[PDB]
*Asks:* 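Got a structure for you, questions after.
Hydrogens, waters and symmetry mates are skipped; everything else that's a heavy atom, side chains included, is used. If you read the sequence from its start, that first residue is 1, and numbering goes on from there.
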Amino acid sequence: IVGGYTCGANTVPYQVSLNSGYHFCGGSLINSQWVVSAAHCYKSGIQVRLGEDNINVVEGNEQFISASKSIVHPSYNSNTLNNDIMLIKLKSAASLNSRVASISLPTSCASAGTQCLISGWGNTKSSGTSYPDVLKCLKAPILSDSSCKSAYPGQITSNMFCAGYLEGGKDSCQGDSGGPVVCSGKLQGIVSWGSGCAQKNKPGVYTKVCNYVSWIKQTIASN
Ligand SMILES: *C(=O)c1ccc(NC(=N)N)cc1
Ligand SMILES: [Ca+2]
């Protein structure tokens with residue numbers, strides 16, 4: 001997250017770190033046994049880390065649970081990033097509490113202008129590299145579909161939305177992908193892609209979770 005703020009320990013209780021020896025992506029806990037992330041975060045050997053603040057220090061609220069299965073969306077296209085969503089099942093259910101909690105799936109799609117909370121452990125620089133150890137946060141509005149398409153001609157599908165600031169300076173970045181975009185207490189987005197980070201006229205692009213609720217529910221019900 002570039003141009004954000006330190007969230008505070010365990011203030012984003014649905015935020016997970018995906019670890020394969022190191023943090024590589026975010027995710028969102030949607031019930032005691034399932035995490036939503038980005039398909040482009042797929043790999044083998046995922047351990048889900050819940051209750052994290054500093055990802056380099058054991059601070060006492062962590063739960064580390066290996067994945068039993070991963071399900072990339074049937075129609076994920078890694079070239080266009082259309083349908084950039086995956087489900088990860090935990091081998092055992094998390095113990096839910098005030099610091100490790102699920103986030104609800106949307107009932108309705110969110111509209112341009114709605115404020116959202118974007119979070120992660122990704123790079124905090126637009127130019128160069130600095131990875132924080134503690135979780136960062138950014139409040140950002142959803143942008144109009146028209147603004148989004150004008151920023152990324154030919155690239156925005158019906159399964160994507162933009163959020164952030166056309167002036168740049170405040171955005172998600174590498175290492176944040178797969179993590180949450182939460183608006184009015186619902187998971188509306190997954191941190192997906194953009195050109196660089198925090199660049200003018202290149203806001204973040206997010207997987208539009210409301211389009212996937214039926215797939216998510218059906219997949220969980222049979223796996
Ligand atoms: C994921 O790691 C990711 C998502 C989005 C961006 N770019 C922007 N938000 N502009 C970079 C990396
Ligand atoms: Ca920790």
*Asks:* Does a sphere of radius 6.0 Å around NZ in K43 hold more than 12 heavy atoms from other residues, nucleotides or ligands, not counting ones at 6.0 Å or beyond?
*Replies:*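 Yes, NZ of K43 has more than 12 neighbouring heavy atoms, counting only those of other groups under 6.0 Å.
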*Asks:* Taking atom types as modelled, is there a side-chain donor on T207 or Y212 under 3.5 Å from an acceptor on the other?
*Replies:*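 The answer is no; no qualifying pair exists.
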*Asks:* Would you kindly say whether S119 and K136 are connected by a side-chain donor-acceptor distance under 3.5 Å?
*Replies:* no
*Asks:* Mind checking whether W121 and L117 sit in one hydrophobic cluster, side chains of I, L, V, M, F, W, Y counted as touching below 4.5 Å?
*Replies:* yes
*Asks:* Ignoring hydrogens and angles, state whether a donor on the side chain of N82 or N77 is under 3.5 Å from an acceptor on the partner side chain.
*Replies:* no
*Asks:* Answer yes or no: is there a donor N or O on one side and an acceptor on the other, between the side chain of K69 and the main chain of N223, under 3.5 Å?
*Replies:* yes
*Asks:* Sequence neighbours excluded and cut-off under 3.5 Å, please list the side-chain donor-acceptor pairs for residues 48-61, or say none.
*Replies:*
residue : atom : partner : partner atom : Å
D53     : OD1  : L135    : N            : 3.4
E59     : OE1  : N54     : N            : 3.0

*Asks:* Got a donor-acceptor contact below 3.5 angstrom from the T114 side chain to the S111 backbone?
*Replies:*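 Looks like yes, one N/O pair under 3.5 Å.
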*Asks:* For residues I190 and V181, determine if any side-chain heavy atom of one lies less than 4.5 Å from a side-chain heavy atom of the other.
*Replies:* no
*Asks:* Donor-acceptor pair, distance only, cut-off 3.5 Å: does the side chain of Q47 make one with the backbone of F64?
*Replies:* no
*Asks:* With sequence neighbours left out, what residues match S68 under side-chain hydrogen bond (donor to acceptor under 3.5 Å, both in side chains)?
*Replies:* none
*Asks:* Taking all non-hydrogen atoms of both residues into account, name the closest pair between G204 and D171 and its distance.
*Replies:*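 So the two residues come closest at N-OD1, 3.3 Å.
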*Asks:* Mind checking whether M160 and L105 sit in one hydrophobic cluster, side chains of I, L, V, M, F, W, Y counted as touching below 4.5 Å?
*Replies:*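 No, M160 does not connect to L105 through the hydrophobic network.
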*Asks:* So, does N83 use its side chain to make a donor-acceptor pair with the main chain of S75 at under 3.5 Å?
*Replies:*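 Side chain of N83 to backbone of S75, a donor-acceptor pair under 3.5 Å: yes, one is there.
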*Asks:* Could you report the tightest heavy-atom contact between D176 and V191, atom names first, then the distance?
*Replies:*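 Answer, listing the atom of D176 first, then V191: O-CB, 3.4 Å.
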*Asks:* Side-chain heavy atoms under 4.5 angstrom apart, residues restricted to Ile, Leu, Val, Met, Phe, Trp, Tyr: same cluster for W215 and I30?
*Replies:* yes
*Asks:* Checking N123 side chain against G128 main chain: does a donor-acceptor pair fall under 3.5 Å?
*Replies:* yes
*Asks:* Tell me whether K202 contacts the main-chain N or O of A151 through its side chain, where contact means a donor paired with an acceptor under 3.5 Å.
*Replies:*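 It does hold such a pair.
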*Asks:* Give me the one residue out of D84, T80, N211 that meets side-chain hydrogen bond (donor to acceptor under 3.5 Å, both in side chains) with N159.
*Replies:*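 Only one option passes, and that is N211.
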*Asks:* Please walk me through it: do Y14 and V12 pass side-chain contact (heavy atoms from CB on, under 4.5 Å)?
*Replies:* CA-CA 6 Å; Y14 54 81; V12 188; 3.3 Å; yes
*Asks:* With rounding to the nearest 0.5 angstrom, report the CD1 to OH distance, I118 to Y206.
*Replies:*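 The CD1 atom of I118 sits 3.5 Å away from the OH atom of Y206.
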*Asks:* Within this structure, what is the CD-OG distance for the pair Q199 and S126, rounded to the nearest 0.5 Å?
*Replies:* 3.5 Å
*Asks:* What heavy-atom pair brings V2 and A198 nearest, and what distance separates the two atoms?
*Replies:*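 Closest approach of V2 to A198, heavy atoms only: CG1-CB, 3.6 Å.
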*Asks:* Quick one: does any side-chain atom of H23 pair with a main-chain N or O of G175 as donor and acceptor, under 3.5 Å?
*Replies:* yes
*Asks:* Could you pull out the closest heavy-atom pair between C183 and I142, with the gap in Å?
*Replies:* SG-CD1, 4.2 Å
*Asks:* Would you check if the side chain of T124 reaches a backbone N or O of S130 as a donor-acceptor pair within less than 3.5 Å?
*Replies:*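 Present.
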*Asks:* What pair of heavy atoms forms the shortest contact from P203 to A163, and how long is it?
*Replies:*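 Closest pair (atom of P203, atom of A163, distance): CB-O, 3.8 Å.
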*Asks:* Check whether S172 reaches the backbone of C197 with its side chain - one donor and one acceptor, N or O, closer than 3.5 Å.
*Replies:* no
*Asks:* Tell me whether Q15 contacts the main-chain N or O of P13 through its side chain, where contact means a donor paired with an acceptor under 3.5 Å.
*Replies:* no
